Structures are given as structure tokens and as C-alpha cells.
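So the structure is just underneath, and the comments pick up after that.
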Amino acid sequence: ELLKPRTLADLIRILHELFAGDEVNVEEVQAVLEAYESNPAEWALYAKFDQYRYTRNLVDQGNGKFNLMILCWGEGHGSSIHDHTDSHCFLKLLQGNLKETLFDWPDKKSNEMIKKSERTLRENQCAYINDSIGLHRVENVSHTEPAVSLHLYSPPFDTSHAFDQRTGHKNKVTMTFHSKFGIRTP
Ligand SMILES: [Fe+2]
């Protein structure tokens, strides 16, 4: 029984219910994330920006099966082309817009990675990706507005690959947290 989350705290409680089991109802999780109306006062604690790149800010450690975090994208900040390490990955916009570009998994032969498609993710929308869908790059192309997004991963993961757009060659990257539960973790 999916009800509208009243607050971020309410959302988190509902997510603990949705991940109480071993499997994941993707459409239900996405629906609930989209139904939470972003309220900046509730997540200001986690919205810690860096001038030079986007930051990842742990919000909830989950129940063993998922992590919830907030990413803060300065004007012009973007990601690598990357994968999600066999996890579900939900992305909900809390503030601003992000551009998502989809790429196919490369073949072993060195080749330019060509965009499959692209879309604009707008405030309060929730997108979903997994490795079966493809790879992606996420970017704040705004010159004037910072973006903030809410990310849910299940299972949690702390490494992934970055892909060279020119060749499709990949390398493993360790994921770090800029803060945890509102506390800066240098
Ligand atoms: Fe991603």
C-alpha cells in the first residue's frame, strides 16, 4: 500500500518498508520517490556543495539492502560516463535540472561511444537506470542554477567504472562520500 510521503523522513520510513524484502519493485519505488514533494528545508543539512565538482552526501544507510544519498551539482558540474555495478539506481531531482545522456555498453574494439539518447530530468521527477538499460552521464548544464538530486542504490555499491568516450575503455573508480548524515567526512 503506497502512500504519499509527507516529508523526507516519511519517505525514508516508506523506503525501509519497500526494501524489507529480498527483491525490488522498481515501479513502486520510483512512484514513491516521485510522489515526495521536494522541501528544501528538510534536506538543507545534506546539501553540501564543492566549488569544483559534484558531491555525494549520505542520508540514510538503509537496512542492509540500499543506500540513500543526496548529490549536489554546481553550475556546469557533470559525471563521467559510468555504470552502476549491478545495482538499481534511482535518481530524483530535488532542485534544478539535470541532463541525462544514455550510452550503450561498448564492444571490445576501440570506438567512439555515441549517445543513444538524452533527456532533461526536471524538479521532482524520478528516473531509473541499471546496467541492463545501459550506461549514462549526468550533468548540470545550467550556467546559473545549482542542482540537487536524491539517489537510491540497491544493493549499495562503492565502486564503479568510468568510460572513455573516445575509446569505450573503462577504469574502476572508488566512490567516496563528501558527508554522512550531515557531517563532513574529509
Ligand atoms: Fe549514475
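These numbers come from the heavy atoms of this one structure, side chains and all, not from hydrogens, waters or symmetry mates. Just so you know, ligand 1 is whichever comes first in the structure, and atom 1 is the first atom listed for that ligand. Count residues from 1 along the sequence.
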The Fe ion (ligand 1): protein N, O or S atoms [distance under 2.8 Å]: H82 NE2, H84 NE2, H136 NE2
Hits for side-chain contact (heavy atoms from CB on, under 4.5 Å) against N111, two or more places apart or cross-chain, chain-then-number order -> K109
Using ring centroids (six-membered ring only for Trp), state whether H161 and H82 fall under 6.0 Å. no
Does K180 NZ have over 12 foreign heavy atoms under 6.0 Å away? no
Report the residues that fulfil side-chain contact (heavy atoms from CB on, under 4.5 Å) with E37, sequence neighbours left out, ordered by chain and then residue number. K4
Under the side-chain contact (heavy atoms from CB on, under 4.5 Å) test, which residues partner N171, sequence neighbours left out? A162, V173
Rounded to the nearest 0.5 Å, what's the gap from CG on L135 to NZ on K170? Could you check? 10.5 Å
